[PDB]
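**Student:**
Number of protein chains: 4
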Amino acid sequence: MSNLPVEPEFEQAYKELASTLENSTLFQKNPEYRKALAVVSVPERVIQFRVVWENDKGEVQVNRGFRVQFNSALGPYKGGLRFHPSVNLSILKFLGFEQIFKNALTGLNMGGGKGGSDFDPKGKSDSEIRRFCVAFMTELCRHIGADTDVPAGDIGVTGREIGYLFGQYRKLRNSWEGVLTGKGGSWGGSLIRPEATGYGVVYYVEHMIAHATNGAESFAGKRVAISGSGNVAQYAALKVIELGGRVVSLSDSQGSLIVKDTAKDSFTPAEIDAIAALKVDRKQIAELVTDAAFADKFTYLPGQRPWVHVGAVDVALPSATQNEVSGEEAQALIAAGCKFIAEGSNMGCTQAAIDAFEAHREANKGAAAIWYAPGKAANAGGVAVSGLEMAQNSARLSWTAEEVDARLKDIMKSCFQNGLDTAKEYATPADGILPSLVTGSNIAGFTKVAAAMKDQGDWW
Amino acid sequence: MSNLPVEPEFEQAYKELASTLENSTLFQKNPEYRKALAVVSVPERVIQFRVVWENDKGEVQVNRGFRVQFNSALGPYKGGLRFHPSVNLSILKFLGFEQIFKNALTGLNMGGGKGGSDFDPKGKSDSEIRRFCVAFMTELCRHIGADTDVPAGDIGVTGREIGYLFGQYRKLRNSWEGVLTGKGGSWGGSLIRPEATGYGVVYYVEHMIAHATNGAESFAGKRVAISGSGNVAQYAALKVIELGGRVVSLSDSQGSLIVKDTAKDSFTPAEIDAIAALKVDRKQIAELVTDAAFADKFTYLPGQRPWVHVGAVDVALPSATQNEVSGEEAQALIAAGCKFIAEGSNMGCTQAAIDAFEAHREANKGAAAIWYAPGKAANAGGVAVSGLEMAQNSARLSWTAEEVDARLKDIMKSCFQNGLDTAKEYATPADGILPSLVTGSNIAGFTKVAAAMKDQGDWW
Amino acid sequence: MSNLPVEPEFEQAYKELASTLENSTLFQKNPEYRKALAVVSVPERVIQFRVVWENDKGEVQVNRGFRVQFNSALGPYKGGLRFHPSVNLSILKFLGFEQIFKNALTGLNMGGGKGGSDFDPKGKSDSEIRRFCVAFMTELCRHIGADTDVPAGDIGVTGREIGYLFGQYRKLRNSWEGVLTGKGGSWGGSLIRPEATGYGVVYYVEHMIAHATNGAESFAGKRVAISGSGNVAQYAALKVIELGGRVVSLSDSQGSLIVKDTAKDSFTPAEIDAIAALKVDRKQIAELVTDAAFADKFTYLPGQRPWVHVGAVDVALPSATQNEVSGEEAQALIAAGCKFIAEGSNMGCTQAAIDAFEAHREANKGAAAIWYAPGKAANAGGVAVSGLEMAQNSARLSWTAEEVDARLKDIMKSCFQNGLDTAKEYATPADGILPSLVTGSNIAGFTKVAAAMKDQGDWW
Amino acid sequence: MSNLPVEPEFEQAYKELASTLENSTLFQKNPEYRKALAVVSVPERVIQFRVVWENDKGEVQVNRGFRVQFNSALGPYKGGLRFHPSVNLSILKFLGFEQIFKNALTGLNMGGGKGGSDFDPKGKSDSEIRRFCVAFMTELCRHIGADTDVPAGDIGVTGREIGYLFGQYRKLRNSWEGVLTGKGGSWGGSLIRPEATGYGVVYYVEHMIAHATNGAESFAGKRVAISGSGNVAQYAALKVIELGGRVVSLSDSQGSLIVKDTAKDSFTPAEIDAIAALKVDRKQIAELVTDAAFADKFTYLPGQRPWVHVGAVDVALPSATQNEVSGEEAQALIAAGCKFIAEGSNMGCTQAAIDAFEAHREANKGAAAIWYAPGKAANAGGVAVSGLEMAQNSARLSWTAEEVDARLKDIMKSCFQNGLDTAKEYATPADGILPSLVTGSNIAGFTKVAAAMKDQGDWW
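In order, the protein sequences belong to chains D, F, C and B.
Using PDB author numbering, the letters of the first sequence map in sequence onto residues 1 to 460.
Using PDB author numbering, the letters of the second sequence map in sequence onto residues 1 to 460.
Using PDB author numbering, the letters of the third sequence map in sequence onto residues 1 to 460.
Using PDB author numbering, the letters of the fourth sequence map in sequence onto residues 1 to 460.
1) Comparing the C-beta of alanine 450 of chain B with each C-beta of chain D, is any distance below 7 Å?
2) Rounded to the nearest angstrom, what separates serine 86 of chain D and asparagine 418 of chain B at their Cα positions?
3) Taking 7 Å as the CB-CB limit, is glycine 200 of chain F close to chain D?
4) What did DSSP end up calling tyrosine 33 of chain D once you bin it into helix, strand or coil?
5) I'd like to know whether the C-beta of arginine 50 of chain D is nearer than 7 Å to at least one C-beta of chain B.
6) Whole angstroms are fine: how far does the CA of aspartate 118 of chain C sit from the CA of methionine 412 of chain C?
7) Mapping DSSP to helix, strand and coil, what is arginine 45 of chain D?
8) Could you spell out the range, first to last residue, of the beta strand (DSSP E) harbouring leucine 257 of chain F?
9) Touch check for the segment 350-363 of chain D and the segment 420-438 of chain D: three-plus C-beta pairs under 8 Å?
10) Looking at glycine 75 of chain F and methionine 110 of chain F, is the spacing between their C-beta atoms short of 7 Å?
11) Show which residues of chain F have a CB atom less than 9 Å away from the CB atom of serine 414 of chain C.
12) Is it buried or exposed, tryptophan 176 of chain F, if we count other Cβ atoms within 10 angstroms and call 16 or more buried?
13) Pick out the complete alpha helix (DSSP H) segments inside the segment 112-184 of chain C, 4 residues or longer, and give them in chain order.
14) Does the Cβ-Cβ distance between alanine 104 of chain B and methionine 208 of chain B come in under 7 Å?
15) Output, in chain order, the set of chain F residues within a Cβ distance shorter than 9 Å of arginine 170 of chain D.
16) Please classify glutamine 28 of chain F: does DSSP put it in a helix, a strand, or coil?
17) Contact between the segment 171-189 of chain F and the segment 320-336 of chain F: three or more CB pairs below 8 Å?
18) Taking C-beta to C-beta, are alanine 13 of chain B and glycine 80 of chain B nearer than 7 Å?
19) Could you please give the first and the last residue of the uninterrupted beta strand (DSSP E) stretch that includes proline 269 of chain D?
20) Would you identify the three-state DSSP class for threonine 400 of chain D, choosing helix, strand or coil?
21) As a quick exercise: from B/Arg223, B/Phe416, B/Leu257, pick the residue whose alpha carbon is nearest that of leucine 243 of chain B.
22) Verify whether the separation of the beta carbon atoms of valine 248 of chain B and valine 232 of chain B is less than 7 Å.
23) Using the three-state DSSP reduction, which class does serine 2 of chain C fall into: helix, strand or coil?
24) Taking buried to mean at least 16 other C-beta atoms within 10 Å of its own C-beta, is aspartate 458 of chain C buried or exposed?
25) Given this structure, state the Cα-to-Cα distance separating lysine 122 of chain D from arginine 82 of chain F, to the nearest angstrom.
26) Secondary structure at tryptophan 187 of chain D, three-state DSSP: helix, strand or coil?
27) Excluding the 5 residues flanking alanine 212 of chain D on each side, which residues of the same chain have their C-beta closer than 8 Å to its C-beta?
28) Should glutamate 287 of chain C be labelled buried (16 or more other beta-carbon atoms within 10 Å of its own) or exposed?
29) Have a look at F/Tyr203, F/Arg142, F/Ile226 and flag the residue whose alpha-carbon is nearest the alpha-carbon of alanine 384 of chain F.
30) In terms of residue numbering, what span does the alpha helix (DSSP H) encompassing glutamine 392 of chain B cover?
31) I'd like to check one pair, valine 404 of chain F with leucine 257 of chain F: are the Cβ atoms closer than 7 Å?
32) For the segment 260-279 of chain D against the segment 294-302 of chain D, do three or more pairs of beta-carbon atoms, one drawn from each stretch, fall closer than 8 Å, so that the two count as touching?
33) In terms of residue numbering, what span does the beta strand (DSSP E) encompassing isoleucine 341 of chain D cover?
34) Are the segment 350-357 of chain D and the segment 164-173 of chain D touching, with three or more C-beta to C-beta distances below 8 Å?
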């Protein structure tokens, strides 16, 4: 199999999944699942197309769009859309692969998929966004359907891009129906949908850590790091504040921001809202340390990640970008005595960091061990609300926020309980060394998907 | 624009909308909305086709069928169907335009549009109706869809025509689904649905007047006028009786029917039910004035309208046909002391009448002024119930009558408190000066549609 | 019947057809055909849509697109496309109605239809043309098909617009097929076509007049008037030069251009080539009269037509625009002793002129009478070549130019034979009195179409 | 563009095309064409899918299918299919890219595309072939159409695989039509075709050299090298024998097969037939060298190519595999006094070899210069008949072999002889110094495609 190209991110994710599976006795109990892994690892269908649009000057611009459809065993190809200049087939395959197991664990019936483009929304006027969206939905409308492929929003895709895409879809298909996720309330939208899109990952990470703390000596009184800024990180900080915790070293893509009094101070909600405003307007948080709000409060580090200089923290919430944690970051955290590491994104830690965390966890026979949480167990939320919006659009009736939040509570509890149950079945917990709940989540997702495919005849 | 033909009804409606918009400072606060007016004014798609059918003598008959799809920004092209010998493109365009704005003010997602035909259902046996319906749905099935266009019932289209049309649709598409509105209970029907439509229109008219009276000195005591007979007129009379009002001048198409004792007498529900029976039977109200009860209760005037010979009434409910209230009728009503004029139809008042009402409202400051209520704020109801029927059919699960009525209550309160709220808010009137309902309703409906189109990318 | 709008051009054409039919004894031999006229006169399907595009400044522009599918009894809805600011439903219905019988006479399959838009190609840059074409084909693609509707080129639609429309069609349908006529030779074009579009019309007019000259006293030596210019009049003059005739006066949109010496002078092909260059360049012929070669040979008239001052002419070829001949200009022609009037366009003469010509023809017992030829008998040729292009596209084999020209010669000869046959058969003249071409062509076209519809089951 | 993955073969082909374009004054005459290259280089649509099938043991195998649709400006996506264990996205993109320009030069209306799979037909029984074909056509059927995508045969795809694919296509679509190339005579096949593919490739590669001889000192008396065997190289040798040439180093994949007396002796026409027999039998050329007929005639070299040990040959026909000629082999040919070299495949020579040939060509002022021929003008030929297919299928009428050969003769003239004409016209030669036929063919193909895409509206 030497002909296949080199996709680093997807290869890393797949290798980690396979290693986690081989670690347990799953293949000793059910050796038939070895071929199910070989079938899942090949996407059902990927479509790459050329998008030719026009900028304001009247020149001709050629981008390319993608639509990866990894798996539709559990349900339709409902995925997302990511307009980022770094998007290629490798990262889209990685994100779809993670989507499969996130949707499996959450208990909802959805498939694993993800689309996007190399479009750079930074520095494009509204007209350019509309033109690219119209071209993109012209070249994509064949390969999606209301119950075939349902894209959504992500990095680079907001209400504006979603509106333009839906307008062109309605123009082309001549069929107003629910075929993408993110519409406004005026045209088949959902309540909680923007708040859920910006808050589901937050809810999941906070609740996941509160559950991993074993219900004693909770968030309160423990220093927390929130790498990255905007969408997830801001509300993650807000909820850890509401739970009695203190935001210590929230950062951005460009640089870091650490409170000088890391033990008797924190980022206030007003400051976090200020960063939210800055990130909506595409401004680095380094502008805030110029003002007296941060100048006497937070120290800006240029091109530094908070992990190395946390200052003896105990909770870490990496939510910036893939591979934002390495082995040396792990060493910094253990020197800091960090005992709860939980990603806020997908593959937020390097494989070396995972090995370091697992080794340290096995070293300490007790509650003093570090515990690592996968990104699949965390995050979620937004997928659930997208499914809820799909159900609303199919039923032609809009619900209220209370109903949607009740369904979200049920889904998140169900996901937590499914992970915990599979931890009981396969992670096989016992007092002493803490179990690897990463292994639990991986085993749960894989086994659910594999059984569903075996029933349907995708393998045998 | 010299090539553009002359459509008097649609031209009048559009002219009134534009004049109402320019009257307010809406185009001064958001001058960008001037182009949104140009985009809305053109229907998305108009389809005219030839319907060739056969009568009971084996003679070829040729009619025309239309399907105006005015706007689908807020949702699918759910409309209606009107089989009347006067249906041309102008009337259908005007009704579709009013549909767009009524659905905007409602808060439901449905889109504007309306179809029909030049078929004359009067004096055609059931065989002819079936043959025309089969030909009509043969030539229409391509353009409508299970979601694309969802027609409904209206003048000339009762349950019988709906049954025949749905039978032919099922035969052609070979897919039983919810594609048109008005189906019976046995197959994909809604509770009360046609009765619900008529009753909801009536509801809207009465409650709109009731809270245009500011909740003091209600229908009770104030004489009421109802022009026309059937559905809207008949139940308007019934509900104003239920509210303690006094029906005075129940009319029809050919002539009028006014109680002799306008003050100390009314219309009993039995006689109104008699009108209902004779109107379903294609009769005239002149037959009842021959009978003793009407002979001792009312006097018949031939080819006369109730307004000039009603007897100093305070509220009026035009519900017969468009342009049934001219300037001279306005003078008759103001001499009659009418202080609340509200139509139960579309453009029920001639332009001169609107000008007279607006002048009277402006000059006579205080609560002692006439108030003109738009037809868009009134009527409604039936659109909401049709949307409920569509939701039921999509979900494949029939609801209960109480559930449908509760959801209808919520929808009517939304739309209707919205009408009153926009009247007292977007008009932003002076104290004592009566909030112009027409201005508020027009502005609200427009602004909603315009924003929904702007985000979707129909203009910029 | 009062609800129908007023469409002057279509009404005039239909009235002329009906009056020609009632003139003969056709309805006495086959009174059954009286009900075929009612069915034919209603188009099968008319589709109007809104086209929203963007100009260079970045402003939203709104136009209307149309697609009249008048009849498909003989074959598919193959028609044309006319982008002109004067296009409305009436003119398109008239052109489709004439297309029906023109395609009937030619002996080929195609049906009668015609599309277009309110677009004004004058003064729009290349980018504007491309943007409008993309929007137009976005909103039109559903209604046409590879066989259903096959548009073509006409006034305002050149090879450029055809290229843009075909580029967008292939993008939407994702199927390269022959769905419109007029493409370049590289992507499934036709030989004997880019010039043949008007050259066929030219051939038809001149050969029709030559066959109306009864095989003596030919073109040579007879003054010819050719009103208008562009793609028809120019090559009509060229062919009448090849036949020995002398061009006398060719007009334009704004005025006329008449040679001083109507007897011993003519129009050289070089000057006509210059006219062609200016007309492609969207200039005016008023500017050439400054140049000496035109200054001492032609004179320019502002807002004047050649008819009333050519002087003692004998052949007339009105090929400028509809209704370009009146009764008074007809009387001017009779003052000139003209004995052969034949249109080069559709409805090139007013009804009053037709009455005058018919009266003059009936007055003179012999060969010394004026003869008026219908526009349906003339023109043609281009339709035949477009049908040949469709055949080539379906077969996926580009024929040689000689083969296409041979097939076109066969088709035109067959059409001439059918026209002359019906002129001598159903007009059925006496010796000396000429076989009226209008009656013959009208009767033949109507009879063929009616028989096809009767057999196919469009009327009983 | 750092995100764009590394595809060596396609990158090499694109770099060579761009370097050829920059070399001439194409971008000084038409600088607008610089932006067309950025648009052609991105495929219109690439589809990768998972093929899950079953072998004889009852296990589950997972392969990948592809379908690259590089361009559709000149015509539909008619391409090919190659089932080879080395097929990945890079190889398919490169082959489609070459297909675009080969179809451009051929004058026919065909698009650039190519599909295939990682399937290894070597060592799979008939049942395995059928099962994989059925799975492949199940997963591919929705992405192709009779006039959308038309695959064909290639390496690894023969009449058997084509039969199975067409059997499954008809079963799924339920519409017997011509949607792939290679069908047998009994079901919509073409005459000549099973020969015509390889036979036409041979025709091209050989008369391209025959016309590069300038019509003096022809094939006769000149040693010809033939790298590889099967389909093409065998008939290339056969007809160079027919033309009077002497095959001297006819080879295969694993090793070389060179006659001892490379000057006076030559390959037997029957000997090449024996090679064909064992290559269809899936054997090696070494086992023939074991037999006396080859033992006393040819020397077998294991893992060696003819080029280094040609023996002062003068004609080279590399037709084995991509990059089968390097710079050192080029220098061996120059030491051999080789003067005419033409590839029989796609990029039969490395870029270094191309530089060597170009330098040697420029060094010699006269007929002594070496001339290098592109694989686009050569090879091809079979594509002519492959497009001279599906036309009988759409017409439902088969043609006799003589008609197909006459059309093929016309196409080979208008492609190949006109390709030498293009080398004589746009390479803008002069007496003595040989022009660059590679440059001419590349520029002609690119300019044709670019103009077609420009008018279609793909760029501007």
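For each residue, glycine too, the CB sits at the ideal point set by N, CA and C.
**Tutor:** Reading it off the structure:
1) no
2) 45 Å
3) no
4) helix
5) yes
6) 33 Å
7) strand
8) 255-259
9) yes
10) yes
11) Near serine 414 of chain C there are no residues of chain F at all, since even the closest Cβ is about 30 Å away, more than 9 Å.
12) exposed
13) 126-140, 159-173
14) no
15) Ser72, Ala73, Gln456
16) helix
17) no
18) no
19) Run containing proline 269 of chain D: none in the beta strand (DSSP E); it sits in the alpha helix (DSSP H), 269-280.
20) coil
21) B/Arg223
22) no
23) coil
24) buried
25) 51 Å
26) coil
27) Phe340, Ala342, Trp371, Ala373, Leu437
28) exposed
29) F/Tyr203
30) 391-395
31) no
32) yes
33) 340-342
34) no
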